[PDB]
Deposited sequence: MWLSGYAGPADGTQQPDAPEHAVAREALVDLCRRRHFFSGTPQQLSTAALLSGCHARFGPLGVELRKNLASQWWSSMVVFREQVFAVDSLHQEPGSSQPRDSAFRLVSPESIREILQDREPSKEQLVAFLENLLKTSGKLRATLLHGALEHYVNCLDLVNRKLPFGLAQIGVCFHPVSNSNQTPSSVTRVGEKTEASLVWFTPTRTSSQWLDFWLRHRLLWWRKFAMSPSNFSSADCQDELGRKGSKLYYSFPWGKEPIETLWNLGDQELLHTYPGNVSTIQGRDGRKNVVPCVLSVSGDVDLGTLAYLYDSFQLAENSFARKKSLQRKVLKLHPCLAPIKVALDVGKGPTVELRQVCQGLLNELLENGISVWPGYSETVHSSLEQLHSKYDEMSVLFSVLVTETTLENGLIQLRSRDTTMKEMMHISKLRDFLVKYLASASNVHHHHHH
């Protein structure tokens, strides 16, 4: 069975079979994630945010608009925002001439806003605010997770996690190497096959040096993250005028920082992690415990159903208050055999399966099944939450 079909059945991917092809998945022109896929991507984005901001010094959140001011660049392919009302007016109000229509079409390429293709421009506009926040100290950084639009005609949407790192050029190379190593380690942390995450140096048309991470998809390698060593040109272009406001304190001296652009693709990263999980035997998605959308699954059988469901509802409330995702399989009206339920949970990358039987009302013991070992362990209810928290904490660090 193909992995894409399994993901579609278990709601990791969404769309028609025409949208489940490799080209359609890579394009990003359509919503390609179900609720489980959305939760997996949210977990991946939260891990990236924690690693790159929370545990890192002088990295701050930045918000940027999807629209950018219009530009007259020679070959910008970014789609333009045109008001339909203005077009309707022009075309059915005063009947202009051919030259007037030519001018109107020219104006659409001179004042119409454009959808952002990268998050680099958004972070640069907030450079002064972050300079003021850090008392003009260096090195600081800006991180943002958002949607970037890319031409494919059709428009493709891809979610980008971008870290813009400001640092003096004297440490630009060491910072670039450290960031490359850290990103490689972060991508290989949750990978069952870390050897499939590669790295290679690339050069742009302007001669700048940089790296580019890869993942070995079955069809071939795809760039899941790119690092660029951009000079001071970007900051100067974004702030044409006095240089005093652009300079940052490199200790006892004021230096214009060198911009490092670290750009990851979390949609392609989630696809890569879904491919890494499947072995490519029991069909099971061996997602990392920090990335599994569902960690605990509850079930009820051999009633009385009222007491068992009340106990399961109490356990669900207890687990949710501690930040554990639980799939309430007891509320399902249609019941299936435990073999099919176990197969479904394994295909959904559910870490643990909890079964609350009628014997639980007497001694409090529940049957705990693990995804990794497919072994059932009798554990007491009061000790389930602590075990799950300890397991998640150990799997995190």
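Missing from the model, relative to the deposited sequence, are the ranges 1-25, 178-187, 316-326, 444-450.
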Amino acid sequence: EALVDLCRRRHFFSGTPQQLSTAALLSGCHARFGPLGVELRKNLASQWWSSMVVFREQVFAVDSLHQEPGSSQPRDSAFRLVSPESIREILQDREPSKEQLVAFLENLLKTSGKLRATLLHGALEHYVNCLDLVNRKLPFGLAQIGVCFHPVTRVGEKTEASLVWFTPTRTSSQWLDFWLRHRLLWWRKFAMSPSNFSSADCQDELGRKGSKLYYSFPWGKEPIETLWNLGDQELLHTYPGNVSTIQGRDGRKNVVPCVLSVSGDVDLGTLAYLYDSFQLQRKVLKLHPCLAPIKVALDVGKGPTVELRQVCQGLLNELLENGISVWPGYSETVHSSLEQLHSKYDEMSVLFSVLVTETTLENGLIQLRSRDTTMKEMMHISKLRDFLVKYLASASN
From here on, numbers count along this sequence of modelled residues.
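Rigid core here is just the name for the largest C-alpha set that superposes within 1.5 Å across the two forms.
After superposition on the rigid core, the larger root-mean-square Cα deviation in 4 other deposited structures of this protein belongs to 232-240, not to the other of 232-240 and 262-270. Remark: when the other structures in 4 other deposited structures of this protein are fitted onto this one via the rigid core, 301-309 deviates more than the alternative among 301-309 and 287-295, judged by RMS CA distance. Across the other entries compared, none leave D201 without coordinates where the residues on each side are present, so it is far from a third. Across the other PDB entries of this protein whose models span the neighbouring residues, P96 goes unmodelled in a third or more.
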